[PDB]
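Colleague: this one is an experimental structure. Sequence first:
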Amino acid sequence: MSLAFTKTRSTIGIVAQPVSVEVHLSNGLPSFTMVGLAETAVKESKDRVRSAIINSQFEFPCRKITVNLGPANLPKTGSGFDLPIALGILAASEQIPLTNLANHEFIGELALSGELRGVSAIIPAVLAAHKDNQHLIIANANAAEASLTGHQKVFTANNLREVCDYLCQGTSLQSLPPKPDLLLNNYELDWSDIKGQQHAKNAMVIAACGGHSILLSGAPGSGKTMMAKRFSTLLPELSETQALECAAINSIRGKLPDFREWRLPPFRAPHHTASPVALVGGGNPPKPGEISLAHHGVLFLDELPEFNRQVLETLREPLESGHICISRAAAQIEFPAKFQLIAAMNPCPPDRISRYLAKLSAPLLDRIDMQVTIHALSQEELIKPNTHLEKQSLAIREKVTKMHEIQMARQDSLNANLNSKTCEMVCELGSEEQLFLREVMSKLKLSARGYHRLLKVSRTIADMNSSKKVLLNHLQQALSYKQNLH
Amino acid sequence: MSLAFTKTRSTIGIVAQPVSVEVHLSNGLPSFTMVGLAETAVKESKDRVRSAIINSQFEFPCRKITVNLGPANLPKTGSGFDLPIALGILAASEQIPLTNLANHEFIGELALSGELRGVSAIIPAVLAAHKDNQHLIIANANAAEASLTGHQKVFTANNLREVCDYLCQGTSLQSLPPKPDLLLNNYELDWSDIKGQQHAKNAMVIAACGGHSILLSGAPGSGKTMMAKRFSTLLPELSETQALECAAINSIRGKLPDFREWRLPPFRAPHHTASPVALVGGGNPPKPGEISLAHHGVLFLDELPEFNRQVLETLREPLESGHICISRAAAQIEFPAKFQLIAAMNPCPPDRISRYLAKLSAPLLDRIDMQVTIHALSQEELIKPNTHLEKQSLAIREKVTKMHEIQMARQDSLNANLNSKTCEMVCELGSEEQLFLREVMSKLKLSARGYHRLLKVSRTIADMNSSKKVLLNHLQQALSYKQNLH
Amino acid sequence: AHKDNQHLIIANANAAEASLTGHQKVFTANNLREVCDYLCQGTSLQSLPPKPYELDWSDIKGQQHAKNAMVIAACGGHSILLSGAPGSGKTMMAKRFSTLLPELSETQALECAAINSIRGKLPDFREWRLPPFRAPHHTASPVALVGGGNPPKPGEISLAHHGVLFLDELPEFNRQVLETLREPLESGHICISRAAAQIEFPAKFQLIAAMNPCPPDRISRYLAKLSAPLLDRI
Amino acid sequence: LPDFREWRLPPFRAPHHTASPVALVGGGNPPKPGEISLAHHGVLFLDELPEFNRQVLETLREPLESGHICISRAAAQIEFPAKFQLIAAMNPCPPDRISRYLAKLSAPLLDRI
Amino acid sequence: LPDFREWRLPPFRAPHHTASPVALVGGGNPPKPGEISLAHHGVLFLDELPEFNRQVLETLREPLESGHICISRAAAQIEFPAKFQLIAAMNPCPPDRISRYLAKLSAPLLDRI
DNA sequence: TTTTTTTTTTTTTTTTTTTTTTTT
DNA sequence: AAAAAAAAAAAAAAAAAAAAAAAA
Ligand SMILES: Nc1ncnc2c1ncn2[C@@H]1O[C@H](COP(=O)(O)OP(=O)(O)NP(=O)(O)O)[C@@H](O)[C@H]1O
Ligand SMILES: Nc1ncnc2c1ncn2[C@@H]1O[C@H](COP(=O)(O)OP(=O)(O)NP(=O)(O)O)[C@@H](O)[C@H]1O
């Protein structure tokens, strides 16, 4: 008859869910009705589309035009619906052969002259389009942003007539500019630029291999955030897909990285108090927060007890599943937050100790595997200049990569994410080691999860020593990283 | 078919984003349609533009008119969209040759007689136009404000007919007037009025010469606030590019400053009664706050134990990044906030003194580099008159001008902004210096931050002696200004 | 639809969720033409893809004294107060309890399915017919443990509908929170109200609580924090 | 609209010690002059001065020197004349109780009287 | 509305000893009747009075003589008639601490027994 | 060895800007 | 073809419940 289908994508949450644009024409008096929860920025696109179609020397149909943006449950805020609506209107009036619109997705604004203009936060659309294996058409102003993915099967155009020519006559035009240069870390910082703490350094290196969260205990003014800020150095380079996902997460916020930190794990340490709306998801049109940010990186947490209780209890979901499920009353949208957690805590500024320690949430203070006490540096070490022992981060990075490969070989998850049931099956335990653990529980009444936490850290230490299975010395070193002190 | 394009500037935050006005005429019913998120202040430009065009002996088209305002996602708030729309309507109707609108930007509010009216906050638009090398035409009422920049590519007009004549026959309009007939610095304020406080004045001298933040403590009624106020004169006069930015922020607020002091570094002390939105950011269309009003200047926080922590917890990020980002749920807005901190407090209002200090935010005091005490002024020295007329002023300002260049030659930041690693290799601590530093460290209870705080101010004092490295004499003086006692 | 005994016609895209109930009398369609053909002539639409362990009491040694008491509590539906010295948690006794209870019927399991479905991201694998066991964390939160806030979401107690609640170290908890757990025990549902209106989360379950009476003269203090009505219904 | 009665006698306004900061100084809404501005060119009396909250008393310093209070309603700011003359009455307390009582005063404001 | 009840017969209500101030009289949200507002024309059983909150027992003043507990949310005044009869029970309690025990009995309410 | 006040958070209210539905 | 009665949110202001902070 006189209806057509075109496919777009709208950035809701972090994932660009597919949006079906449906255009129908009927023999009524001329009109234009937009159906679907479209905001003003989209409802105003009627005149833009009419002018773009007319000024490109096409015939704008003088009939009842009905446009539906399915599905109808999701509000649509992106302004880049003009190009698909125009193509749908053209296809409905049989000015474009319909069979070529099946495998394409279109995103882009339209000025009244027919020239395309770019839209913001486009990278997630490209990611979704490739994931579904769909050709994507993009306004040429977005080629600079979209080329960072380096993804094929993405084309750009300048005018609506260019897109029409591509669809009908097949005169393919433009392609993503070539990928930018794959330069190197420019990482400065380095782990070498920290004076000798030794115990804290070794503990952090152990946890980086095992991906375990740590508590940075000790007196304030001792080097808590200073040591943490260098922890992201140890973590390995992210994969192509992981880097692309982090890039989309940052792109939705609006601050494009500088083409270099692409493969560097993020840090994004949140403020002291901040806001629970800001630090987890958001309201209005929902935007990612500090939790959603630093998806595959390391998240820092200074002055853990000070944080609001509701924030800490809502923080249970990520370390348990890696998703946030903030609801918008009508529905819910997911946020990926599978992050490494680093926390700092100061053992009180003796009556107040009970309430101060009790103020800290235990649901958070159960998955914090390791703890360490960061003693202040001796004046001799503070005043002594650093020999710098040449830069030392690539050796530790190589060690972490090898340990991660070893862990990936024996199961499909890291030791931090091991289930309680699989801990016994995976680990190779000797009889004397089991007897030693039984004797240890005589000395200290560790909880049920203490077993698995001690086993988890000792597994990384044992794999660190040379190979094979757990040993008495490994558990002996592990015992030092108990849950608390007092 | 004919349509016209016309460029203008709409200001959001501080920078004036480019906005392209598109006008298209169709053969439908005579209606006027405007799209592009028009705030109702500009949405009613239809009747104003219609009457302005009719009354200037032109011919208003009797056709359907569609007007599109730039990017479809940027709200338009200014009232100065009448002139671009009127010129677009004229150009689309072939009453103006289109080629002349190639590289011009128009800003101006029209009246029904055709006379142009001044629009508030014109300076950022002029700056943006000069950055892009574009002719800018404004109302005659804005000539006084636009003359600050002194750019030669800005023209002014009296009515729409003048603009049409300029675009059609090159009548050449009326250029903006020359720089105001004033050069005399004066400022009626200088360092001499502070009498008797030799030690604190000498310390504030080195505070200006290294960009260090300085904390002041002393008895009320002495020159604390006066020394803060006179501290502006010490800093070197701002460059033209910095003066334009400061004038842009000031004009955006609305307080047009006096031409006499448009190059002095701004000084603005916030008031204790202020919302966290008053100092930083703003509601509505975002407006610069108190902190950004002191860009490239000095911020004076008198009575530091006041200013409820809710206010001070927002000042953290600007002290490190030099800017603050405010989210409008649809875009991100940035405000320049690079400044120098000066704070004043009463040392004493028993163990209650600790509670008095407890209200202070430790991380804020972490960034402060210097502390001095305002001792009670001697009897006869104040009792003795001020017959001395040896006003220092220009001498110390000349000294700090060279001082900033000397620091800028070594690294890419002043002594206050040194990285911890860069504290060394710039201060070649000798054999005896380490000995003395070890002694003072052992006898005191300094932290890691305090040691590096001690090094930077000592570096600045070392430059004051035109010596390559510290000579154990600068360290002794540094201890006095250091020792952030409380 | 099941409660009223009514046929459902549902979009084919929703067959992923409606199949998880394993229901009959629920159909799926693609077009209005298919539904019109069904109503006019009955063209036999699709009817969802039908759907086809844990520990036991054997893992515990011959503790006949407590085992038979627990069985009686399960048979009679009464609560229980497994408590004493905190010996290695002792929660392994409670974890076995959920296995003893009878298998839930269609509506009973389906109601828990809906209650979980509200929280979004429907539980991952399987096992809807097994009654839940979800237990608190000895500190919880008044919003999280009971009812909720913001646009309402079921609390921990409601999630344990037709299941078991293992509230450990009862004395510590919160005095205000404990009394909020009153209406569900008596009626079987909560009526938490806030702002505009309220909704009724069904909260029928069974309670298993633990306590420590300390090693002197501190037993009275350790029991002084107890809520009388909550213990009176045990 | 006082007319013919006191249009040449200096105003005398004595706000009650609680009042409200949005009425004592400036205000919201399309702004209406507050208590402080109502005493322009006149006398302002503050009985039981320490009883006033420190937040309000710290605002008194700006008009006492600059001569006019500058309201700060985020987007907009307006000027109100405040050239008044200040008169204050305080009770020298009814141990550390003396220090606690005198802490409720504003040291700069009292030391500027 | 639960069951078929009896309606024609006097009601009986007994608060949950510790109870709550919002449950005994009035309530939040749109005005909801309190426990004391219940048992209208009936019998209210107040068991173990000292366990109750002192302020609420003081708030029982008007209901037992006036029969109306009109709530005040600063927006509306809903009446909620509460005519009833009081019945209370006391434990003599386990001697100078007897005064401490009796100090919580809310003597103004004890006068109406 | 025994009891209270205050500040913060949350909740509500109010105003205004936004929205959403008249009435030509 | 321009408007005005109604549903939602952002910010300022005031009151109730909790925490703790400090006082006997
Ligand atoms: N182990 C350390 N090694 C080298 N430098 C350190 C070390 N600890 C502190 N520093 C110095 O500490 C200064 C800033 O780091 P730091 O004091 O840790 O800030 P912070 O992490 O925000 N607060 P805190 O951790 O409590 O001290 C730098 O000059 C560092 O050089
Ligand atoms: N050498 C001097 N030392 C101190 N005060 C001086 C000196 N010379 C003049 N003064 C005068 O004394 C006034 C003191 O100002 P100041 O004490 O800073 O008032 P303020 O703004 O309330 N800050 P504060 O110091 O806390 O009282 C100055 O405004 C000068 O008018």
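Modeller: Received, thanks. Numbering: from 1, shown residues only, chains lettered A, B, ... in the order given. Ligands and ions are numbered 1, 2, ... in the order given.
Colleague: right, and residue A:382 touches residue B:451 too?
Modeller: Yes - using CB atoms under 8 Å, residue A:382 is in contact with residue B:451, at 5.8 Å. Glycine gets a C-beta too; all of them are placed from N, C-alpha and C.
Colleague: quick one: common contacting residues for the two?
Modeller: Residues touching both residue A:382 and residue B:451 by CB atoms under 8 Å, 6 or more residues apart in numbering or on different chains: residue B:441.
Colleague: contacting residues for the residue nearest the centre of chain A?
Modeller: In chain A, the residue lying closest to the centroid (CA atoms, centre = their mean) is residue A:295, at 3.0 Å. Contact analysis of residue A:295 by CB under 8 Å, 6+ apart lists A:245-246, A:249, A:266, A:336-339.
Colleague: in what helix or strand does it lie?
Modeller: Using DSSP states H and E, residue A:295 falls within no helix or strand.
Colleague: what's the burial count for the closest residue to it other than its chain neighbours?
Modeller: The shortest distance from residue A:295 to any residue other than its chain neighbours is 5.1 Å, reached at residue A:336 (CB to CB, 6 or more residues apart in numbering or on different chains). By other CB atoms under 10 Å in any protein chain shown, 20 other residues sit near residue A:336.
Colleague: residue A:322 now?
Modeller: 15.
Colleague: nearest residue to it other than its sequence neighbours?
Modeller: residue A:338 (3.4 Å).
Colleague: how near is the one you found to residue B:137?
Modeller: 55 Å (CB to CB, to the nearest Å).
Colleague: which one's more surrounded, these two?
Modeller: residue B:137 (23 against 12).
Colleague: doesn't that one fall inside a strand?
Modeller: Yes - the assignment for residue B:137 by DSSP: H, G, I helix; E, B strand; the rest coil puts it in a strand.
Colleague: just list whatever residues bridge to it.
Modeller: Here residue B:137 sits in beta bridges with residue B:106, residue B:155, going by DSSP bridges.
Colleague: you'd agree it is up against residue B:160?
Modeller: No - taking contacts as CB under 8 Å, residue B:137 lies outside contact range of residue B:160: 10.8 Å.
Colleague: overlap in contacts, these two.
Modeller: Common neighbours of residue B:137 and residue B:160 (CB under 8 Å, 6+ apart) are residue B:83.
Colleague: need the contact partners of stretch A:40-51.
Modeller: For stretch A:40-51, using CB under 8 Å, 6+ apart, the contacting residues are A:32, A:34, A:60, A:69, A:76-79, A:81-82, A:85-86, A:89, A:109-112, B:3, B:22, B:24, B:26, B:33, B:35-37, B:66, B:68, B:72-73.
Colleague: ditto for stretch A:195-208
Modeller: Contacts for stretch A:195-208 (CB under 8 Å, 6+ apart): A:191, A:194, A:212-214, A:216, A:223, A:227, A:231, A:234-235, A:369-370, A:372, A:374-375, A:377, A:381-382, A:386, A:396, A:399-400, A:457, A:460-461, A:464, A:481.
Colleague: mind redoing it with 6 Å?
Modeller: For stretch A:195-208, contacts defined as CB atoms under 6 Å, 6 or more residues apart in numbering or on different chains pick out A:214, A:231, A:234, A:370, A:372, A:374, A:377, A:381, A:400, A:460.
Colleague: any chance of a ChimeraX selection covering the buried ones in these?
Modeller: Typed into ChimeraX, the line below selects the buried ones among the contacts of stretch A:195-208, using 16 or more other CB atoms under 10 Å in any protein chain shown:
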select /A:214,231,234,370,372,374,377,400,460
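Colleague: save the contacts of stretch A:195-208 as JSON lines, and put in secondary structure and distance to DNA strand G too.
Modeller: What follows is these, written out as JSON lines (DSSP: H, G, I helix; E, B strand; the rest coil; distance: CB to the nearest atom of the strand, whole Å):
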{"residue": "A:214", "secondary structure": "strand", "distance to DNA strand G": "26"}
{"residue": "A:231", "secondary structure": "helix", "distance to DNA strand G": "31"}
{"residue": "A:234", "secondary structure": "helix", "distance to DNA strand G": "36"}
{"residue": "A:370", "secondary structure": "strand", "distance to DNA strand G": "27"}
{"residue": "A:372", "secondary structure": "strand", "distance to DNA strand G": "26"}
{"residue": "A:374", "secondary structure": "coil", "distance to DNA strand G": "25"}
{"residue": "A:377", "secondary structure": "coil", "distance to DNA strand G": "31"}
{"residue": "A:381", "secondary structure": "helix", "distance to DNA strand G": "36"}
{"residue": "A:400", "secondary structure": "helix", "distance to DNA strand G": "40"}
{"residue": "A:460", "secondary structure": "helix", "distance to DNA strand G": "37"}
